[PDB]
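Some notes on the structure that comes next.
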Amino acid sequence: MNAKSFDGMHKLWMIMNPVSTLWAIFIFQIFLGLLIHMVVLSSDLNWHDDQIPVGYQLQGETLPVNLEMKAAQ
Amino acid sequence: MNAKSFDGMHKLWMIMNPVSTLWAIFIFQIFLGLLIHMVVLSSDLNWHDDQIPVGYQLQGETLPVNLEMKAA
Amino acid sequence: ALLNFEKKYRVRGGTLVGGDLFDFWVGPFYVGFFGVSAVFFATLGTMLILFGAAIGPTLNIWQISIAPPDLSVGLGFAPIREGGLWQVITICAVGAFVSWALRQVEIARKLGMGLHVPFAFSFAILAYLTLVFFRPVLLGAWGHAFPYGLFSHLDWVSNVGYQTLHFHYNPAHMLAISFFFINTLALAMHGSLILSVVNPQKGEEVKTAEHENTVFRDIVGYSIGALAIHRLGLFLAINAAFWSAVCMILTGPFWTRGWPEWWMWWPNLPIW
Amino acid sequence: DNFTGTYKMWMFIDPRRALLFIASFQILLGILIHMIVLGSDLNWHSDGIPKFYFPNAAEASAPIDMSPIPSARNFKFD
Amino acid sequence: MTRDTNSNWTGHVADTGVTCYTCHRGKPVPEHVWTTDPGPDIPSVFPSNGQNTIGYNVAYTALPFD
Amino acid sequence: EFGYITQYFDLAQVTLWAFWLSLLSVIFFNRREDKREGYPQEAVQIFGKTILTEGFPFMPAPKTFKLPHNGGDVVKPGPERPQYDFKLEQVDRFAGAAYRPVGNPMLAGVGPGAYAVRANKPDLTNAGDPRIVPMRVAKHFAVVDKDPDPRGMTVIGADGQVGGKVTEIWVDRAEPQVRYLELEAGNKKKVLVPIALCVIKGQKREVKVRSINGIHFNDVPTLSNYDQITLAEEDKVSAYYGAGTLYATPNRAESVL
Amino acid sequence: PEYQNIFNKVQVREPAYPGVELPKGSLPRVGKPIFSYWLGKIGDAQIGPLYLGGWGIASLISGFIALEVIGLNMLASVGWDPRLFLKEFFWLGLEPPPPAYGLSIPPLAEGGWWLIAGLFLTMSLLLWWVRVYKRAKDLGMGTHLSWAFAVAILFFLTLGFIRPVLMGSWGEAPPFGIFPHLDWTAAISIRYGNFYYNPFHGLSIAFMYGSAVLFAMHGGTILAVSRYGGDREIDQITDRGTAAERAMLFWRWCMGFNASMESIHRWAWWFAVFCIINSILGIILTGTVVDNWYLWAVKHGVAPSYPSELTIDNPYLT
Amino acid sequence: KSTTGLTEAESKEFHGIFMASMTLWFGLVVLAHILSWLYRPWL
Amino acid sequence: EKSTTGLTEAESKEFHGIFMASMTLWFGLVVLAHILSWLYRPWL
Amino acid sequence: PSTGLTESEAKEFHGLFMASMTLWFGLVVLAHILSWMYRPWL
Amino acid sequence: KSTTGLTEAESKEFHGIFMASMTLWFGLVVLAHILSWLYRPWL
Amino acid sequence: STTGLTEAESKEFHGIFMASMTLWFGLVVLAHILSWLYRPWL
Ligand code: BCL
Ligand code: BCL
Ligand code: BCL
Ligand code: BCL
Ligand code: BCL
Ligand code: BCL
Ligand SMILES: CC(C)=CCC/C(C)=C\CC/C(C)=C/CC/C(C)=C\CC/C(C)=C/CC/C(C)=C/CC/C(C)=C/CC/C(C)=C/CC1=C(C)C(=O)c2ccccc2C1=O
Ligand SMILES: COC(C)(C)CCC/C(C)=C/C=C/C(C)=C/C=C/C(C)=C/C=C/C=C(C)/C=C/C=C(C)/C=C/C=C(\C)CCCC(C)(C)OC
Ligand SMILES: COC(C)(C)CCC/C(C)=C/C=C/C(C)=C/C=C/C(C)=C/C=C\C=C(C)\C=C\C=C(C)\C=C\C=C(/C)CCCC(C)(C)OC
Ligand SMILES: [Ca+2]
């Protein structure tokens, strides 16, 4: 025991269906991937809206062409 | 009696189903565990937000890096 | 046109009024005395709605409106341009709806079947009569009924609702909404189940009644049965209509406060 | 001992059902404890350690219920 | 306060005005007044959201009670 | 400014159009599925000629049901079995006139007494056994006490006369419930009556059948074998009881008011 | 009169039916079936057995965790008193986070429990979806009940997760109460200018009324020909008898067109699903695209215009 | 008569192990409470 | 009569062996995770 | 054999299952090392 | 007639153990209440 | 044989499946390189 305690383990697939288990694992992994990405996006670690390395909407509002057109009105 | 009063007690499992009893006990214990933990967390004995042994949000707000960034 | 199997069922008899004079078909429709009545009243009502739109400000379909009299007319007779047209149209409407139900009874008698459908239609008719006749009579004026117009009867519904500050807390309103929601759920499940049993997985035989029972006992633990789901259906729809009629006869005639204050009878029971 | 014959448990309790219960329960309990600890002072995603990474609001009050919808994202309320 | 309301707020009390009797009605403490509502008793670590009770001043609804 | 407008075209508008087009298109498909039974229809022409027409929209292409236990294939829309031999006389000389039965109305198979021409096989259970059977063939059923056992009662027939006596109950094995009552009639034949046309009074120990008269129970159609019933026979029996709703008394088809 | 077929007059018992055989490799069914006399007066009397496999246990663990959370917060809101719980039960609720917190995870007594209960209820419904699909597919049937269930789940997720995320606040979602969720309904109509001028709301109301109409009509028609064996719809579909013929002649003569015994079930399916499709479409556009439904209806020529006679002075303009 | 199909020997066996397990569980509970009282006394 | 799972006594012994080994390994990993968390952010 | 797999088939499946799971966990570790280098969270 | 299948001997046996168990339970209840009165008297 | 494919058919399918997946991932990488050149997000 404690060195050879896990030798029968391969018999697991004689009571659990392999294809069902594969599908269950894949679906659970996709769901968990979406969930953790959404949980990290809703924290201080968010990487889409942090304006690093630059803010692009603000960059578009201050282009010289846009500024010169907004002056003419 | 008072000493021989509980003699035939082992016969209990001839009228009570062992499998149903086992499942009922396990499920009830899990439900009760969740309930008592939630009831104690909602009182003065709360141990996650009591700021002991130290407050961690407060610790993060007063790091020198955060202070120097907030100064501007 | 006749269906493949239709000719042997088109026999005479089964009528209520009239007799052999109106017992014929026009195309697929069956006419009868009440068929003539229904088409007469529908045509007249429609034409009067159109004229009431012509004397108004617009012929836009969404903005036509014919309104009932003022509350000062009471239960009397209003001028044609200020309410009487609404009264004539609301007479035509009753005539047409009752004619429809009796024509149904004639048809069912001819085909040899039970009178369940006209009986269930009667409860829609009853809700309409509650809104135009019973509630106005108990409150003392025809001008408590709704105007005829898309978008314009919705303004009526809104303001009547807010005359009680919060109409969601009306008890019979809660009960009726419960029945409406459960009815849509039941209809979805029934449709799905029959389709699923006669359209099985590709390359399989049509399933049986045992499959229908098994599927719902597996998912939920209880199956009501193929004849009782039809009953449950008639029941939920009729009850929805009934409690709507009750909720409107309560509002105004028997309760004039806000609707949240009714519920106050419960936390004031002397038992907690 | 007193626990000599415990292995006979699986002769009247189905081991397949037991496994299916335990896996589900453990995964759900994992998710639960993580969300509970994140909703407290022990939170480790937005605690500002070792640094605040977002452009947070300079003066964020203590939020009350009678509030409008915020204009920009913010994660530093304390 | 009564002089201020009677002279400067006629957009609301137009030429009918108020006296003491409009609120005291012959008693030193008026009958219908209010104070800042604390809410029901809840656990000490729970802040008040200010709703979901009976709500006697907002017509017995579950709306915000103060 | 309270009602200022910036732009007339928005997304709600387009989405509403898309919905108008997504409805208007399930109507099309459902109306096409509606015409797998009873079509093509028969349009009668100016001077009596009959043609087959099909309507709007047109009929769909045939689909196949594969019935269980080698019960054959059913194609729909497909062929039809031939009608039997009803006789009818028109009442007024135009295509939309009504018809009168020619002989004895009870034994004619027209009007509410018409029936369909189904298979001559019984309906089956999931195991292959006949579904509707008498309670002596299904040896595991029992009537729940608390309920009046109809076996023994009499069958009063809508004019007060006696029709016969109940001798058997016919059950449904797929969904356990009563479907027919078997009774011995006045001329000692065994006839069935559907349970949905019977009012059972436990204390009077009567069964009232409002459809037909007492003497009419002698001419109810009979079965081949009394250990099962086929689809055709079900139709014949039920239709005979349904003809009486209009033909039992000469005053039943005659305008209430 | 004649028997109306609303209650069962005579009942019969045989031994319980265990169910159609499942594919090999399946778990047994749990429970010993019991019989109800009162349920048998109106329908089938057997209760159980039940099938509990992998997906329907994970569901039922999620759902009960959610229920425990919701119940305990409602109970903490009255100070743990069960007497007050029963007294004021329709006014209690679990409330969403304050809108100023945005989409972050708030502390536990200021909206975090709402967030937990929402997550666990979501997972419960998706696991139940998989159960419903597999149960129908293992018996060899079409999976039509999973499509409608998917539509309903989508409506639950729209109001609640998708719209609050597109708006930027969890505080835009309903709470868990009875009177509290009714208050939410009224307030969201008041804030976005009158849902009666939302066109998707009008269309879904059209289809809810239609569901009630259609199911009264169908339930009536099949009870009215059950004397000719009409309640057995599978046989009337695969071998048309006189019950189906009479059922279709009735509607043809009455209103000029008809369906068949199989097609009416497709009409039912669609009338129940368009209601919820329009529900999703109407909620998803409110706030994110349209800010006042009445002003929208005025811009597109829909609202009536009552005569005025007066002039009211806006005091913010004075 | 309501019965579980266990004989008297099987019942004796089950009872032995059931009582042992319950005693061990209660022992662990007592230990948890002693630790909690040492850390944060509540009465 | 009595509720059974069809496992003999040998099969039950086998299952029990592997079940106990797996549970012990899982609890070992849990203890390790908590020691790391205590070193990083002590909560009591 | 409640799944119909013999013992040889189970051994085969187990071999490939364990290999695949190990590779997947390797990729996860790599993703986390990159994330720690970019934006350390503890 | 409603019957449980137990003879009179079986009923006597069941009754003996039932009464013993109920008495022990009530004893424990009394002890809990004495402790509670000593700690926090309520009347 | 649960899917009716023999071992040769499975080998064939696997060959083409792996080739297709590799090509798809190649195209994904190319799209991301272009996006990084145009609008870097980290
Ligand atoms: C601010 C307004 C209030 C409100 C104020 C009111 C008022 C006021 C009323 C309701 C009524 C109803 N409300 Mg409400 N209601 C509110 C919110 C809700 C909400 C929700 C989700 O919030 C729901 C689900 C409901 C649901 C309901 C139903 C219970 C009921 C409507 C069904 C009905 O009357 O059938 C009854 C059916 C009829 C009246 C139909 C008549 C049918 C006739 C006989 C046939 C006509 C045929 C036609 C002319 C032929 C055309 C032929 C062509 C050829 C096709 N209300 C808000 C809070 N509500 C109504 C009610 O209960 O009335 C009885 C009612 O008056
Ligand atoms: C201020 C309050 C204290 C606190 C005071 C207590 C007290 C007092 C008790 C617990 C108990 C428990 N606490 Mg605590 N607890 C605190 C904070 C926590 C936190 C946390 C995130 O903050 C967690 C996750 C836990 C979790 C737990 C569980 C281990 C345990 C409930 C077991 C159960 O329900 O069995 C239900 C399941 C069954 C009966 C089935 C059989 C059991 C299975 C096989 C094994 C389960 C775990 C086992 C007991 C431990 C592993 C085995 C041993 C190492 C040999 N506590 C704080 C710090 N907690 C109880 C306990 O440990 O009793 C033993 C208990 O009495
Ligand atoms: C401040 C708090 C700490 C923290 C404190 C803890 C503590 C304390 C623990 C965890 C544990 C876990 N943490 Mg952590 N954790 C933190 C932040 C995270 C973040 C993140 C986005 O920030 C993630 C995604 C995780 C995720 C995880 C999981 C790997 C693990 C939960 C296993 C489980 O759910 O049971 C799934 C169980 C089953 C399905 C049944 C048994 C498993 C069997 C053998 C089969 C499953 C396959 C495999 C073994 C699954 C686990 C992979 C690893 C090899 C363990 N933590 C922060 C920094 N975390 C738990 C753990 O380590 O378990 C060992 C744990 O005790
Ligand atoms: C600040 C946080 C980091 C970040 C930190 C992490 C960390 C840490 C992890 C990820 C992981 C993932 N991230 Mg990331 N991630 C970020 C931003 C993104 C963005 C984006 C729009 O911003 C996207 C689309 C992704 C997308 C992804 C996926 C590629 C991956 C989760 C896969 C999965 O769920 O498998 C679930 C599906 C299965 C298990 C199915 C079974 C296997 C199938 C058949 C094969 C699928 C192949 C797989 C997608 C990998 C293919 C790559 C090839 C080997 C070349 N990340 C930001 C920048 N991300 C995880 C990962 O990469 O896993 C290795 C991971 O550990
Ligand atoms: C101010 C109030 C006091 C208090 C005053 C009392 C009083 C007075 C009593 C209790 C009793 C109980 N208290 Mg106390 N109790 C307090 C705080 C707590 C707290 C807590 C989280 O704060 C908990 C978890 C408990 C829990 C308990 C249970 C042990 C017991 C309820 C048993 C029961 O319901 O069985 C009912 C279920 C069954 C009978 C099912 C049958 C199962 C069989 C018989 C085995 C069950 C084991 C049983 C639970 C306990 C026996 C203990 C062993 C000898 C170790 N109390 C506070 C400090 N408590 C009761 C008690 O002691 O009973 C003797 C009781 O009379
Ligand atoms: C700043 C962000 C960038 C941007 C960054 C990215 C990145 C990064 C990626 C994309 C990808 C895609 N982008 Mg882009 N994209 C932007 C703006 C656009 C706009 C637009 C209107 O503005 C459109 C219409 C698109 C559309 C597309 C699709 C062609 C492609 C998604 C494929 C897919 O969904 O597989 C779904 C369907 C399948 C997998 C089916 C399998 C294949 C089948 C057999 C046929 C598919 C043919 C395939 C669509 C076209 C490639 C063919 C070549 C001509 C050889 N992008 C902006 C400018 N985009 C992805 C891509 O290019 O994939 C390689 C991708 O990784
Ligand atoms: C008006 C005018 C200008 C008249 C001139 C014409 C003249 C001169 C005379 C014609 C003669 C007469 C008397 C005509 C009267 C008819 C007229 C004119 C109008 C009525 C038309 C009318 C009211 C139609 C409304 C139709 C609508 C909107 C129905 C709503 C419900 C709906 C959408 C149902 C679709 C699903 C269907 C078809 C359900 C029916 C149906 C159900 C419910 C089953 O249960 C069932 C069970 C088994 C087999 C079949 C069926 C079945 O077909
Ligand atoms: C053919 O096959 C045969 C049978 C012949 C041979 C087969 C052999 C094989 C293949 C055997 C396989 C065996 C396996 C893989 C066994 C796996 C065993 C495992 C991993 C067991 C793990 C068990 C874990 C348990 C029992 C943990 C329980 C934890 C509990 C109940 C915790 C409760 C915590 C609570 C209530 C705390 C709540 C705290 C808070 C704050 C969340 O509450 C609100
Ligand atoms: C005392 O009681 C006990 C404890 C004993 C148990 C008894 C339980 C009882 C009595 C419960 C009573 C319950 C009642 C009355 C409930 C009323 C419920 C109603 C009417 C609810 C109505 C609407 C709620 C809705 C639509 C909620 C929708 C929420 C959603 C979709 C949540 C989405 C959240 C998600 C997916 C999580 C995201 C979180 C994350 C981590 C990703 O954020 C970043
Ligand atoms: Ca602490």
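In this analysis, Cβ positions are derived from the backbone assuming ideal geometry, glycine residues included, and neighbour counts consider all displayed protein chains. Each answer follows from the model by the rule given with it, or from the source it names; no laboratory read-out is quoted.
Do you know which residues across the stretch L:2-17 are surrounded by 10 or more Cβ atoms within 10 Å (Cβ to Cβ) and either within 16 Å of ligand 3 (Cβ to nearest atom) or in a helix (DSSP H, G or I) (or both)?
Those that are surrounded by 10 or more Cβ atoms within 10 Å (Cβ to Cβ) and either within 16 Å of ligand 3 (Cβ to nearest atom) or in a helix (DSSP H, G or I) (or both): L:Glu9, L:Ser10, L:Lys11, L:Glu12, L:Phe13, L:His14, L:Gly15, L:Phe17.
Per-residue answers, yes or no, for (1) more than 30 Å from C:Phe24 (Cα to Cα); (2) in contact with a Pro (Cβ under 7 Å, 6 or more places away or on another chain):
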{"site": "F:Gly71", "(1), (2)": "yes, no"}
{"site": "F:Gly96", "(1), (2)": "no, no"}
{"site": "F:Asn104", "(1), (2)": "no, no"}
{"site": "F:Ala119", "(1), (2)": "yes, no"}
{"site": "F:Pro122", "(1), (2)": "yes, yes"}
{"site": "F:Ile156", "(1), (2)": "yes, no"}
{"site": "F:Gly164", "(1), (2)": "yes, no"}
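Regarding B:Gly8, is this residue among the small types (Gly, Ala, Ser), more than 16 Å from ligand 8 (Cβ to nearest atom) and either touching a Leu at 6+ places or on another chain (Cβ under 8 Å) or within 19 Å of I:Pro42 (Cβ to Cβ) (or both)? Walk me through how you get there before you give the answer.
Details: among the small types (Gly, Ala, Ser): yes; more than 16 Å from ligand 8 (Cβ to nearest atom): yes; either touching a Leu at 6+ places or on another chain (Cβ under 8 Å) or within 19 Å of I:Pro42 (Cβ to Cβ) (or both): no.
Spelling it out, it is not the case that B:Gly8 is among the small types (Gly, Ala, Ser), more than 16 Å from ligand 8 (Cβ to nearest atom) and either touching a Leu at 6+ places or on another chain (Cβ under 8 Å) or within 19 Å of I:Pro42 (Cβ to Cβ) (or both).
Going residue by residue through the stretch H:23-41, is there one that turns out to be in contact with a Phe, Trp or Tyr (Cβ under 7 Å, 6 or more places away or on another chain), without any contact (Cβ under 8 Å) to a residue 60 or more places away in the chain, farther than 14 Å from B:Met9 by Cβ and assigned to a helix (DSSP H, G or I)?
No, because not a single residue in the stretch H:23-41 is in contact with a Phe, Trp or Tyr (Cβ under 7 Å, 6 or more places away or on another chain), without any contact (Cβ under 8 Å) to a residue 60 or more places away in the chain, farther than 14 Å from B:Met9 by Cβ and assigned to a helix (DSSP H, G or I).
I want to confirm something. Restricting to the stretch F:21-49 and keeping residues that are β-branched (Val, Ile, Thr) and in a helix (DSSP H, G or I), which single residue is surrounded by the most Cβ atoms within 10 Å (Cβ to Cβ)? Walk me through how you get there before you give the answer.
If we filter the stretch F:21-49 for residues that are β-branched (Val, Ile, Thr), which is where we start, we get F:26-27, F:44, F:46.
Adding the requirement that they be in a helix (DSSP H, G or I) leaves F:26-27.
Values: F:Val26: 16, F:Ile27: 12.
Checking each candidate, the answer is F:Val26.
How many residues are among the aliphatic types (A, V, I, L, M) and either closer than 22 Å to C:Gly19 by Cα or facing chain C (nearest Cβ under 7 Å) (or both) if we restrict to the stretch F:106-117? Can you show your working first?
At the first step, the residues of the stretch F:106-117 found to be among the aliphatic types (A, V, I, L, M) are F:106-108, F:110, F:114, F:116-117.
Applying the additional criterion that residues be either closer than 22 Å to C:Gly19 by Cα or facing chain C (nearest Cβ under 7 Å) (or both) yields F:106, F:110, F:114.
Of the residues in that region, 3 qualify.
Name the single residue, out of those in the stretch C:1-41 being aromatic (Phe, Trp, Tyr) and within 8 Å of chain F (Cβ to nearest Cβ), that is nearest to C:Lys110 (Cα to Cα). Talk me through it step by step, then tell me what you get.
We begin by selecting, within the stretch C:1-41, every residue aromatic (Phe, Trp, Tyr); these are C:5, C:9, C:22, C:24-25, C:29-30, C:33-34, C:40-41.
Within this subset, residues satisfying the condition of being within 8 Å of chain F (Cβ to nearest Cβ) are C:5, C:9, C:24-25.
Details: C:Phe5: 16, C:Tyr9: 9, C:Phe24: 12, C:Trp25: 13 Å.
Residue satisfying both the conditions and the ranking: C:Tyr9.
Given the conditions (1) touching a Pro at 6+ places or on another chain (Cβ under 8 Å); (2) surrounded by 19 or more Cβ atoms within 10 Å (Cβ to Cβ); (3) touching a residue at least 60 places away in the same chain (Cβ under 8 Å), which single one is not true for G:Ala109?
G:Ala109 satisfies every listed condition except (3).
Name the residues in the stretch G:253-267 that are surrounded by fewer than 23 Cβ atoms within 10 Å (Cβ to Cβ) and not aliphatic (A, V, I, L, M), would you?
The first filter runs over the stretch G:253-267 and keeps only residues surrounded by fewer than 23 Cβ atoms within 10 Å (Cβ to Cβ), leaving G:254-260, G:263, G:266-267.
Within the stretch G:253-267, G:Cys254, G:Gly256, G:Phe257, G:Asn258, G:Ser260, G:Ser263, G:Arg266, G:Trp267 qualify.
Look at the stretch G:268-318 and say how many of its residues are facing chain C (nearest Cβ under 8 Å) and of a type in the set (S, T, N, Q).
Of the residues in that region, 1 qualify.
Within the stretch B:50-72, can you find the residues that are assigned to a helix (DSSP H, G or I) and either more than 12 Å from chain D (Cβ to nearest Cβ) or within 15 Å of ligand 10 (Cβ to nearest atom) (or both)?
Step one: of the stretch B:50-72, the residues assigned to a helix (DSSP H, G or I) are B:56-61, B:64-71.
Scanning the stretch B:50-72 gives B:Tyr56, B:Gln57, B:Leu58, B:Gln59.
Can you tell me how many residues within the stretch C:147-172 are farther than 22 Å from G:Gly301 by Cα and either among the basic types (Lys, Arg) or buried (at least 18 other Cβ atoms within 10 Å of the Cβ) (or both)? Show your work before the answer.
Applying the first criterion (farther than 22 Å from G:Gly301 by Cα) to the stretch C:147-172 yields C:160-172.
Of the ones still in play, those that are also either among the basic types (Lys, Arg) or buried (at least 18 other Cβ atoms within 10 Å of the Cβ) (or both) are C:164, C:166-170.
Adding up the residues that qualify gives 6.
Out of curiosity, is G:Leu72 within 14 Å of chain D (Cβ to nearest Cβ) and within 16 Å of ligand 5 (Cβ to nearest atom)? First the steps, then the outcome.
Values: within 14 Å of chain D (Cβ to nearest Cβ): yes; within 16 Å of ligand 5 (Cβ to nearest atom): yes.
In short, yes.
Determine which member of the set C:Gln87, C:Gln104 is away from chain F (no Cβ under 14 Å), out of contact with any strand residue (DSSP E or B) (no Cβ under 9 Å at 6 or more places or on another chain) and buried (at least 20 other Cβ atoms within 10 Å of the Cβ).
Details: C:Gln87 fails: buried (at least 20 other Cβ atoms within 10 Å of the Cβ).
Result: C:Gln104 is the single residue among C:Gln87, C:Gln104 that is away from chain F (no Cβ under 14 Å), out of contact with any strand residue (DSSP E or B) (no Cβ under 9 Å at 6 or more places or on another chain) and buried (at least 20 other Cβ atoms within 10 Å of the Cβ).
If you go through the stretch G:108-116 one residue at a time, do you hit one that is more than 16 Å from ligand 6 (Cβ to nearest atom) and in a loop (DSSP other than H, G, I, E, B)? Give the steps one after another, and end with the answer.
From the stretch G:108-116, those more than 16 Å from ligand 6 (Cβ to nearest atom) are G:108-116; that's our starting set.
From what is left, the residues that are in a loop (DSSP other than H, G, I, E, B) are G:111.
Yes, that holds for at least one residue.
Sort through C:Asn183, C:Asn268, C:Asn213, C:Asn199 and tell me the only one that's outside the structural domain of C:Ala141 (by CATH), in contact (Cβ under 8 Å) with a residue 24 or more places away in the chain and more than 30 Å from G:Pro304 (Cβ to Cβ).
Values: C:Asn268 fails: in contact (Cβ under 8 Å) with a residue 24 or more places away in the chain; C:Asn213 fails: in contact (Cβ under 8 Å) with a residue 24 or more places away in the chain; C:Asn199 fails: in contact (Cβ under 8 Å) with a residue 24 or more places away in the chain.
Within the list C:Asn183, C:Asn268, C:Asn213, C:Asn199, the selection yields C:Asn183.
Take G:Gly142 and tell me if it is among the small types (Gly, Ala, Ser) and within 30 Å of C:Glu205 (Cβ to Cβ).
On the way: among the small types (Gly, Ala, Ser): yes; within 30 Å of C:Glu205 (Cβ to Cβ): yes.
It is true that G:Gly142 is among the small types (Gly, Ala, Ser) and within 30 Å of C:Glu205 (Cβ to Cβ).
In the stretch F:69-83, what residues are surrounded by 14 or more Cβ atoms within 10 Å (Cβ to Cβ) and not in a loop (DSSP other than H, G, I, E, B)? If you could, list the steps in order and put the result at the bottom.
The initial filter retains those residues of the stretch F:69-83 that are surrounded by 14 or more Cβ atoms within 10 Å (Cβ to Cβ), namely F:71, F:74, F:76-77, F:83.
Answer for the stretch F:69-83, where residues must be surrounded by 14 or more Cβ atoms within 10 Å (Cβ to Cβ) and not in a loop (DSSP other than H, G, I, E, B): F:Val74, F:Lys76.
Of everything in the stretch B:1-36, what is at the interface with chain H (Cβ under 9 Å from one of its Cβ atoms) and under 15 Å from the mean Cα position of the chain (by Cα)? Give them in sequence order.
B:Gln29
What pairs can you find where one residue is in the stretch K:1-20 and farther than 15 Å from B:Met14 by Cβ and free of Cβ contacts under 8 Å to residues at least 12 places away in the same chain, the other is surrounded by 10 or more Cβ atoms within 10 Å (Cβ to Cβ) and of a type in the set (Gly, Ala, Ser), and their Cβ atoms are less than 7 Å apart, with a gap of 6+ or different chains?
As it stands, the answer is K:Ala20/B:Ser5, since those pairs meet every condition given.
Select from the stretch G:204-231 the residues that are among the hydroxyl-bearing types (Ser, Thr, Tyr), under 17 Å from C:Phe235 (Cα atoms) and either within 8 Å of chain C (Cβ to nearest Cβ) or surrounded by 21 or more Cβ atoms within 10 Å (Cβ to Cβ) (or both) and list them in ascending order. It would help to see each step written out before you state the result.
From the stretch G:204-231, those among the hydroxyl-bearing types (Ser, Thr, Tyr) are G:204, G:209, G:211, G:221, G:226, G:228; that's our starting set.
Checking the rest, the ones that are also under 17 Å from C:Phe235 (Cα atoms) come to G:209, G:211, G:221, G:226.
Answer for the stretch G:204-231, where residues must be among the hydroxyl-bearing types (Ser, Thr, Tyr), under 17 Å from C:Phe235 (Cα atoms) and either within 8 Å of chain C (Cβ to nearest Cβ) or surrounded by 21 or more Cβ atoms within 10 Å (Cβ to Cβ) (or both): G:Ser211, G:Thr221, G:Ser226.
Of the conditions (1) more than 7 Å from chain G (Cβ to nearest Cβ); (2) more than 16 Å from ligand 1 (Cβ to nearest atom); (3) closer than 30 Å to C:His116 by Cα, C:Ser178 satisfies every one except a single condition; which number is it?
(2)
Among the residues that make up the stretch C:17-28, is at least one of them surrounded by fewer than 14 Cβ atoms within 10 Å (Cβ to Cβ), closer than 30 Å to F:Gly113 by Cα and touching a residue at least 24 places away in the same chain (Cβ under 8 Å)?
Checking the stretch C:17-28: at least one residue is surrounded by fewer than 14 Cβ atoms within 10 Å (Cβ to Cβ), closer than 30 Å to F:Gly113 by Cα and touching a residue at least 24 places away in the same chain (Cβ under 8 Å).
Determine which member of the set E:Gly39, E:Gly26 is more than 7 Å from every other protein chain (Cβ to nearest Cβ) and either loosely packed, with under 11 Cβ neighbours inside 10 Å or not in a loop (DSSP other than H, G, I, E, B) (or both). Walk me through it before giving the result.
Working: E:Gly39 fails: either loosely packed, with under 11 Cβ neighbours inside 10 Å or not in a loop (DSSP other than H, G, I, E, B) (or both).
Answer to the check: E:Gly26.
Would you say C:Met264 is assigned to a helix (DSSP H, G or I) and within 32 Å of the chain's Cα centre (by Cα)? Walk me through it before giving the result.
Details: assigned to a helix (DSSP H, G or I): yes; within 32 Å of the chain's Cα centre (by Cα): no.
Answer is no for this residue.
If you take the residues of the stretch G:1-38 that are at the interface with another protein chain (Cβ under 8 Å from one of its Cβ atoms) and either in a helix (DSSP H, G or I) or among the aliphatic types (A, V, I, L, M) (or both), which of them is farthest from F:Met153 (Cα to Cα)?
It comes out as G:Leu27.
Quick check on my filter: what residues within the stretch B:2-49 are among the polar types (S, T, N, Q), within 21 Å of K:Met22 (Cβ to Cβ) and not in a loop (DSSP other than H, G, I, E, B)? It would help to see each step written out before you state the result.
We begin by selecting, within the stretch B:2-49, every residue among the polar types (S, T, N, Q); these are B:2, B:5, B:17, B:20-21, B:29, B:42-43, B:46.
From what is left, the residues that are within 21 Å of K:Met22 (Cβ to Cβ) are B:2, B:5, B:21.
Once the filter is applied, which keeps residues that are among the polar types (S, T, N, Q), within 21 Å of K:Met22 (Cβ to Cβ) and not in a loop (DSSP other than H, G, I, E, B), the stretch B:2-49 yields only B:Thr21.
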